[PDB]
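Asker: Sharing a structure here in structure tokens format.
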Amino acid sequence: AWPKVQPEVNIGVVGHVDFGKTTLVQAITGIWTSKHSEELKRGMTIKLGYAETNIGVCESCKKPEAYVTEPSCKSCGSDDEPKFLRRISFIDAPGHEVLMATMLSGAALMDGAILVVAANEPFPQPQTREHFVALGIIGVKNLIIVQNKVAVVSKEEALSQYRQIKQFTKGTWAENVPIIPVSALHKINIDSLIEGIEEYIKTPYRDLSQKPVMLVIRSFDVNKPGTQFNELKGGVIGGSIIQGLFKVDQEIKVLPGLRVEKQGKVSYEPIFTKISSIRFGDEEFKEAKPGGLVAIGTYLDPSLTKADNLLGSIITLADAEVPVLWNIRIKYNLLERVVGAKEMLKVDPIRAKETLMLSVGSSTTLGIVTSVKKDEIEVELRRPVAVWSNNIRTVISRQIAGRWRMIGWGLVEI
Ligand SMILES: Nc1nc2c(ncn2[C@@H]2O[C@H](COP(=O)(O)OP(=O)(O)CP(=O)(O)O)[C@@H](O)[C@H]2O)c(=O)[nH]1
Ligand SMILES: [Mg+2]
């Protein structure tokens, strides 16, 4: 008698490369997130992976084994069904070096986070530190550190690394962050991770008063090949809602929208449409709340949505007043040292005329610095950015050693 509702919380899974993120998400949800051919062939995550599962508890059994991801208490004794707590979803971020820009985007969609640390690898490491301080910046401080691959190391070594993690987090915003030893591959001590999720990653408060805003991270064409032009389904736009709620048959718009070429001149025109369908995985719904990753059916030509073309864009109501800016002011603060790089090196102050990478919401855009002050910089963006609210958290990256590395953050001023 478990209800078929949408996920109510987004838990991001971040960490260094090949530490077992996707295998962990599979160990919990039973689903392999990587569905693209490229990432299945290369054996990594390239685009944000998604997977969801129900969470329940057999309140007549002993925790943490009392927790289940399916409506059955046969594994603990009683034949009655467990108490449905909530449905959760995971955002599986890539742990690769040159995919940081993706992770940041995913971080805009996270309510809580899990940081995967390999027990068979030394601590700390590049993308570990980087994703850590990134989560600190974004505001995803509902964190759980997971000691994966614990089955290949002795308890002495596991505790040895544990001490190092506690030392590392000692004196930071993550000082009291829990550390849970699991084995994603062989499914060892997963129940404790479920329990930890329920304890430390609670479902946030959603103020439905705020205007409906969705951050787009994917878009595609559900039309199977050779489909005649009369049976062509509308374009589908996928992403996460950060505030408010969307309903079917609602008038919406995509910002900045569509790139337009007029004899070499480039502009951007908002994409107006109507929600034809809303789904969360295989289940279809009439509403769409924050938490989970929603597929929004539109009346758009599939040509516009094909191949994640609307990535980074946002979706609001048609009559919403939203500034789409080519130039933005940012009240910034820089990091002290470049955390992503393998070599320890400090970060130069923002130079005029310098080109930077800005992560605003789910959008990554390059821009040239036009004004430099102690607390504020002004940037001329190569492409427009939709700024739905005031004080939007942005992430500032600079190209170092040929690769874009995070150097600091800021808030978008309007
Ligand atoms: N022994 C052991 N091996 C594991 C565990 N988890 C993952 N692995 C191994 O790591 C390999 C890749 O793990 P994967 O889950 O893809 O790591 P990832 O971090 O998602 C890859 P990327 O960071 O590039 O997106 C797998 O072949 C698997 O054998 C674990 O808990 N124990
Ligand atoms: Mg992966």
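We place every Cβ from the backbone using ideal geometry, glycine too, and count neighbours over all the protein chains shown. The values are calculated or read from the model by the stated rules, or taken from the named source; no laboratory instrument gave them.
Asker: Within segment 49-65, can you find the residues that are closer than 10 Å to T29 by Cβ and within 16 Å of ligand 1 (Cβ to nearest atom)? Give the derivation first.
Answerer: At the first step, the residues of segment 49-65 found to be closer than 10 Å to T29 by Cβ are 50-54.
Of everything in segment 49-65, those that are closer than 10 Å to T29 by Cβ and within 16 Å of ligand 1 (Cβ to nearest atom) turn out to be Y50, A51.
Asker: Here's something else I'd like to know. Select from segment 33-46 the residues that are basic (K, R) and more than 12 Å from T22 (Cβ to Cβ) and list them in ascending order. Break it down stepwise before answering.
Answerer: Start the filter on segment 33-46 by keeping residues that are basic (K, R), which leaves 35, 41-42.
Hits for segment 33-46 are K41, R42.
Asker: Give the residues of segment 90-113 that are away from ligand 2 (no atom under 13 Å from the Cβ), assigned to a loop (DSSP other than H, G, I, E, B) and touching a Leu at 6+ places or on another chain (Cβ under 9 Å), sorted by residue number.
Answerer: Pass one, segment 90-113, residues away from ligand 2 (no atom under 13 Å from the Cβ): 97-98, 100-101, 104-105, 107-113.
Right, trim to assigned to a loop (DSSP other than H, G, I, E, B) and you get 108-111.
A108, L109, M110, listed by residue number.
Asker: Ok, one more. Of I180, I217, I197, which residue is of a type in the set (V, I, T), surrounded by 14 or more Cβ atoms within 10 Å (Cβ to Cβ) and either more than 23 Å from the chain's Cα centre (by Cα) or outside any strand (DSSP E or B) (or both)?
Answerer: Numbers: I180 fails: either more than 23 Å from the chain's Cα centre (by Cα) or outside any strand (DSSP E or B) (or both); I217 fails: either more than 23 Å from the chain's Cα centre (by Cα) or outside any strand (DSSP E or B) (or both).
Just one listed residue meets the conditions, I197.
Asker: Report the residue count in segment 321-332 for those that are touching a residue at least 60 places away in the same chain (Cβ under 8 Å) and out of contact with any strand residue (DSSP E or B) (no Cβ under 6 Å at 6 or more places or on another chain). Give the steps one after another, and end with the answer.
Answerer: Of the residues in segment 321-332, the ones touching a residue at least 60 places away in the same chain (Cβ under 8 Å) are 322-325, 328-332.
When the remaining residues are screened for being out of contact with any strand residue (DSSP E or B) (no Cβ under 6 Å at 6 or more places or on another chain), the result is 323.
So the count comes out to 1.
Asker: To continue, here is another question. Would you mind stating whether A401 is touching a residue at least 12 places away in the same chain (Cβ under 8 Å), among the small types (G, A, S) and surrounded by fewer than 21 Cβ atoms within 10 Å (Cβ to Cβ)?
Answerer: The answer is yes for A401.
Asker: I'm trying to understand the selection: among the residues of segment 304-348, which are assigned to a strand (DSSP E or B) and closer than 30 Å to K274 by Cα? First the steps, then the outcome.
Answerer: Kept after step one, since they are assigned to a strand (DSSP E or B), are these residues of segment 304-348: 314-317, 324-334, 337, 346.
Hits for segment 304-348 are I314, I315, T316, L317, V324, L325, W326, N327, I328.
Asker: Taking the options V140, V116, name whichever one is closer than 25 Å to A158 by Cβ and either in contact with a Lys or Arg (Cβ under 8 Å, 6 or more places away or on another chain) or not in a strand (DSSP E or B) (or both). Talk me through it step by step, then tell me what you get.
Answerer: Working: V140 fails: closer than 25 Å to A158 by Cβ.
One residue alone meets the criteria, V116.
Asker: Let me ask another. Tell me the residue from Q147, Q161, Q125 that is over 27 Å from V9 (Cβ atoms), in contact (Cβ under 8 Å) with a residue 12 or more places away in the chain, outside the structural domain of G291 (by CATH) and surrounded by 21 or more Cβ atoms within 10 Å (Cβ to Cβ), please. Let's see the steps before the verdict.
Answerer: Details: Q147 fails: over 27 Å from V9 (Cβ atoms); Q125 fails: surrounded by 21 or more Cβ atoms within 10 Å (Cβ to Cβ).
Criteria check complete, one pass: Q161.
For (1) under 21 Å from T128 (Cα atoms); (2) away from ligand 2 (no atom under 16 Å from the Cβ), each residue gets a yes or a no:
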residue	(1), (2)
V17	yes, no
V25	yes, no
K35	no, no
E59	no, yes
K63	no, yes
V68	no, yes
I88	no, yes
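Asker: If you go through segment 362-377 one residue at a time, do you hit one that is in contact with a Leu (Cβ under 8 Å, 6 or more places away or on another chain), under 18 Å from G139 (Cα atoms) and not in a strand (DSSP E or B)?
Answerer: Yes - at least one qualifying residue is present in segment 362-377.
Asker: When segment 17-38 is examined, which residues are found to be in a loop (DSSP other than H, G, I, E, B) and either crowded, with 16+ Cβ neighbours inside 10 Å or near ligand 1 (Cβ under 7 Å from one of its atoms) (or both)? Spell out the reasoning first.
Answerer: Taking segment 17-38 and keeping what is in a loop (DSSP other than H, G, I, E, B), we get 17-20, 30-36.
Selection gives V17, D18, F19, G20, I31, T33, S34.
Asker: Give all pairs with beta carbons closer than 7 Å in which a residue from segment 9-35 that is among the basic types (K, R) meets a residue that is more than 10 Å from ligand 2 (Cβ to nearest atom); count only pairs at least 6 apart in sequence or on separate chains.
Answerer: none
Asker: Which numbered condition trips up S89, out of (1) over 30 Å from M357 (Cα atoms); (2) away from ligand 1 (no atom under 16 Å from the Cβ)?
Answerer: For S89, the failing item is (1).
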